[PDB]
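Chains here go by letter, A, B, C, D and E, matching the order in which they are written, and residues are numbered from 1 within each.
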Amino acid sequence: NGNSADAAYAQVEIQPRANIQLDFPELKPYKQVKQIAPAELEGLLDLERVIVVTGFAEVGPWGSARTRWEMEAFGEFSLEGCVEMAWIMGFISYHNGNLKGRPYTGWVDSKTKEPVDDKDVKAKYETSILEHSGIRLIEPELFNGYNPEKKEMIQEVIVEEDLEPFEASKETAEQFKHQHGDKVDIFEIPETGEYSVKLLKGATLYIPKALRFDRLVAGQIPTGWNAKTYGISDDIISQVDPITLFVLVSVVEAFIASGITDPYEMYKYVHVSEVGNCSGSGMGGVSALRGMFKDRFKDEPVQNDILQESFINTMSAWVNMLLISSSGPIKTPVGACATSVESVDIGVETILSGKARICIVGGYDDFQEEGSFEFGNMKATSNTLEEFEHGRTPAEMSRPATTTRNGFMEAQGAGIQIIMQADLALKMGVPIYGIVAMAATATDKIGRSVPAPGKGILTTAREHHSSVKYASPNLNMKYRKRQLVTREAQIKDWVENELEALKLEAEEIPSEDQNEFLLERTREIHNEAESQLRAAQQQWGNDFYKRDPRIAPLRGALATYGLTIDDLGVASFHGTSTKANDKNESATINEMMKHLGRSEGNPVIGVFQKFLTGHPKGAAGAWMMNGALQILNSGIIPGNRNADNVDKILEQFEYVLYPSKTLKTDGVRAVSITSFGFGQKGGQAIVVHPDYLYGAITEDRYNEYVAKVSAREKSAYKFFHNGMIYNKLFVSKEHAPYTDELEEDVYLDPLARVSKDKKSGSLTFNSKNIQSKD
Amino acid sequence: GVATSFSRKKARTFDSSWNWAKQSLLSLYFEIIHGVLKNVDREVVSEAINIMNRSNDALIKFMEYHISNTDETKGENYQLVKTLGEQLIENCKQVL
Amino acid sequence: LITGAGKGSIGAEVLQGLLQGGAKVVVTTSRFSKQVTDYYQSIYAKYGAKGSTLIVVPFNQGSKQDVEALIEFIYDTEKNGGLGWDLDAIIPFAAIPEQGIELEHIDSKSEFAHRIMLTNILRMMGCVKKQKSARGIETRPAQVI
Amino acid sequence: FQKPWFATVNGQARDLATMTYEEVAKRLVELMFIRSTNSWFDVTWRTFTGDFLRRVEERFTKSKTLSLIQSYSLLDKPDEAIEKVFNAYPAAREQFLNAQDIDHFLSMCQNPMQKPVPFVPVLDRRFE
Amino acid sequence: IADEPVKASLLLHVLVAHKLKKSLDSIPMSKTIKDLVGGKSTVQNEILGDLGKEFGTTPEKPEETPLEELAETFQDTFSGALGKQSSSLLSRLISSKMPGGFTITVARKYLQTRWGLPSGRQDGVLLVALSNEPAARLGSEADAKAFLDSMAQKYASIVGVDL
């Protein structure tokens, strides 16, 4: 029956192609989100005073947030993971065109230029991907040939017998004379015009030797990561410190994850002078320091302006020169290992003070030879030789809340969130990943140990308990809702009485100038009626517990949204893998939960993300903030897989659990993030499931938002895939959104907003829309 | 073949059952809810054994709380977990 | 103490029982590594009953220098760096597969096997005895299976 | 003109990048499937719309599966083929063309062993 | 072969190439100093500062004029003179790269023996060698001979002479 009965009997297979999703939050129908929040929350909260996390990204030893989350929560990459990690690590490159005649579109290998199917990526690369990702042996290539097994340092010797004469230029011989004095002899060679130098007995000299240093492993950004891959040009790469690349790439990635592909689109809604850069570091460009300090000393070729690239706040500068071109607040904090948490807190306040309505917050810190050495002398980093004697492979050398923990695995990179006013987030229809319920920092006590972890942050649970006979009605939200209704009635009366008064004044005004006067005063009465409503809403909705010592700031933050103290499902511990910190953290949490009156047997689940990523110092709290947000949106709590045996000392802490494998919950309502930097830097930050927010808005508003996000998620997803294939996710602005002439006009006008220029197509400031009556 | 493999520093300890019990109960609870385990699974009895064997006060308080706060009106799977819990609480208190 | 209890052997299922029974075990592995400890970690989380302790050590039963060391490490005091234990049962199930080796092919591999499965088992009992006698222990005999 | 702008949805201008996979597959049928004769005007235009559906399957499947359109004979009832494919992958109703799938589309638009497609998919140097 | 004093249109072209950390060919000769380095005005005033030490006198706004007609304005007062800056950079190049046993002296007389190139040719060969710094301590004398050989062929290409 021929091969025709068997070719029609054969079935065509379909092979799956990577479809890397941005993973925006899943928006429920209004009916469902209205059930989870209490019904009395509607129009209770001022949404200007609510801070939401509206987009997050990181550049870490596991690539982006999406791959790092994949590896943290599932311990392996799916197709979409393997492609993204292969593309990040420059194993694969996209190629549209002709290849050996026939026209090919899709991935190719970066080296061979062989076409690679998506199915075949996991077979071909997922070995090499996992072999050059995360915590592994320090790879010299990545750190200017630094090999911690053979660490160069120079030693002075006093020469005991004169050297062979060596030729040098006149200026060089001169500088040898000025250094060594009589201990050197310089003699011009007539014909050539060059000198002959001869160091004499008693002259200094410096001989290079090697030291075999013992911290051989580190949390390194994957081998083959390259800023060009995102679309940063060589001029930027050459000028700036590598840290500045991380930040820049993290910031464009965060913006994309916020749906905002063009940063100027912010200026359709806000004044240039409200887009804040409240994001800091630990030691800034240490590569540029190591230049000016040690490469200059050896007189190596080093860019003349290497100083400017080493300052903590230079990274915030470059982002704002290349991407944002704002005149918003720029508060760069320094908080050693808790910077990321300080930068949230500053941001939060920077929006609640009103000086800004959007901060770029988060941390970022490089790993370099100088650092890795000084931390090893301090004995804070885990001695890799000792670990090898204990049979620890590199992966498993960061193992928080473990018996056998000795010290932290250092790592590098950046994390960036974008926080906003909820009101403005809904108005722009950006995705909301979380609510920043509180952020706080504290100092511990007098003491003569800088790196000492301490229990200052405990003061987030501070409250009074001497008069708890009867329930405080100030927590009973219904009471609060009543009082807000009582106020908005007075507001009503006030607006009527002011509209009367206006009419009365305007009657005596001449008829020609009447219109102008009424417009100007009707705006100001609308302004004051808003101001009074938001002040009420702020008094009852948000700031009900600021002036009440019987409510803790930690209880206060949850109680804003109707949540009890029991709801705080997850605490994301600092969890460095060092003997003092992990015990001090646990005790502190445990004592906060115990004081506030967490129900017995309702522990917080501990997340120790640093077991995978290691400790990026400045950026630690910005990764835990990303690890929170993705938990809050997945309801999945990743296990500390390196928690082989939880430390018997931590059993005494009743309100703490130490999972060793991923728990796929039915929901997480809130997540604590605690960090303890060097120098008594203690920070805490509470993030709440964004769904609670939607309780506070009407059905119509919600649905209008949902539409605008759905559109802005599609447009993001388009921009993300177009940027990724052709390496143009990064596109530095060439010009500000205003010509040099209008700068003054744009800054002075509070209500200047960018409009699409039809000719160019891009967003710019229009001279019509500056000091405009409309 | 006669290479020295043994070293005392390579000795690994696992002793912290006290924690693992609470994790191993919480994995059950959410597996029952997400209906990965039914009411006809010998795994539900296996788990129940392995929890009981690690009964203490803290574990009984950790169950009592999680099971008592289950919302039986959210689904069928919630009624299943709430019954099983209540029974497994009574077990652990007996074999403590 | 139980040897030859790597994943998917009879030892593995015994170990699951002993830990389920609240026993204090030393399981020895001849392929020690990250994957192996993580496996034993999972086994103890799931099964490891209250009072139960699991100690995973690398071990090459085919060496006498490892066999005398192991027992010296188990029996020696917690001050010296030993476990401070006293064995109630030994289950030396360590073995290596030999297949299609008739009389005439007995070589290195066969000799080594015999040394794991017989001679070094005897040296293990032998070594325990020596430790028990030395510490003056005569009413706590180590069941060998 | 006789070759209309392809990236049109109900009569508003778009681009291949701002159309869903659904929108594109409907617009293809509309421009390449003649209702009156109940046939594809050119078998190469059917093959075109069959490759595009096989590309949608590939993009929105999770694991290796059989092809829903085993033979391009099934396309002879295009509305049933589309409904069937987009029922199986309903995420491809709401998700704009993956940049790679745009390039693949425009790459099929220059296949030299097919009839030149009755539209202009893109404004570039090969517009003329 | 006969000597020829080097041209300002090579000295100003190698200087800009070196400072901008760029290849000699990647510089378009008819393009303003302010256009090459437009963003970072700091490296612009470092170009000016070097050109000042190189050829002394500088015209009014040399930054709005392309390098092309700025090379001929500078050519007026210059006559085969390396200057202190270029001499300092050549001294810098040799000390850091060329290995022990290969100083300027023997490099000059290697250019004289191998190629026949005298002073005015030699100092042009050492300029294109600085334009493409090897950025790696020359391993051996032999490797460095191939290095000078190759950057004497680039000197022969740019001038238009046979060897």
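Just so we're on the same page, a residue touches a chain if its C-beta (ideal position, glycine included) is under 8 Å from a C-beta of that chain, and two chains touch if they have at least 3 such contacts.
Participant: Ranking chain pairs by contacts, what comes out on top?
Facilitator: Result: the chain pair B-C has the most contacts.
Participant: Hey, how far is the Cα centre of chain C from the one of chain D, in Å?
Facilitator: 66
Participant: I'd like to verify one number: the distance from the centre of chain C to the centre of chain E, where each centre is the average of its C-alpha atoms, in whole angstrom.
Facilitator: The computed centroid separation for chain C versus chain E comes out at 74 Å.
Participant: Distance-wise, how many Å sit between the C-alpha centres of chain A and chain D, to the nearest whole number?
Facilitator: Chain centroid spacing, chain A to chain D, equals 41 Å.
Participant: Where does chain B touch two or more other chains at once, residue-wise?
Facilitator: Within chain B, the residues that touch at least two other chains are 7, 10, 12-15, 18, 20, 23.
Participant: Would you mind listing the residues of chain D that make contact with two or more other chains?
Facilitator: Not one residue of chain D touches more than one other chain, so the list is empty.
Participant: So which chains actually touch one another? I want all the pairs, not just one.
Facilitator: After working through each pair, the chains in contact turn out to be A-B, A-C, A-D, A-E, B-C.
Participant: Spell out the residues on chain B that touch chain C in their complex, using ranges where they run on.
Facilitator: Of all residues in chain B, those touching chain C are 1-8, 10-15, 17-18, 20-21, 23-24, 49-50, 53-56.
Participant: Using the touch definition up top, name the residues of chain C that touch chain B in the complex.
Facilitator: By the definition above, chain C touches chain B via 20, 22, 30, 32, 37, 40-41, 44-60, 62-63, 65-66, 69-70, 73, 81-82, 108, 112, 115.
Participant: Under the touch definition given earlier, write down the residues of chain D that touch chain A in their complex.
Facilitator: Against chain A, chain D makes touches at 17-18, 54, 57-67, 70, 94-100, 103-104, 107, 110.
Participant: Using the touch rule from the top, collect the residues of chain A that touch chain C in their complex.
Facilitator: Those residues of chain A that touch chain C are 391, 393, 395-396, 641, 644-645, 660-661.
Participant: Using the touch definition from the top, list the residues of chain E that touch chain A in their complex.
Facilitator: Touch residues, chain E against chain A: 21, 39-40, 42-43, 46, 87-88, 91, 95-96, 103-105, 108.
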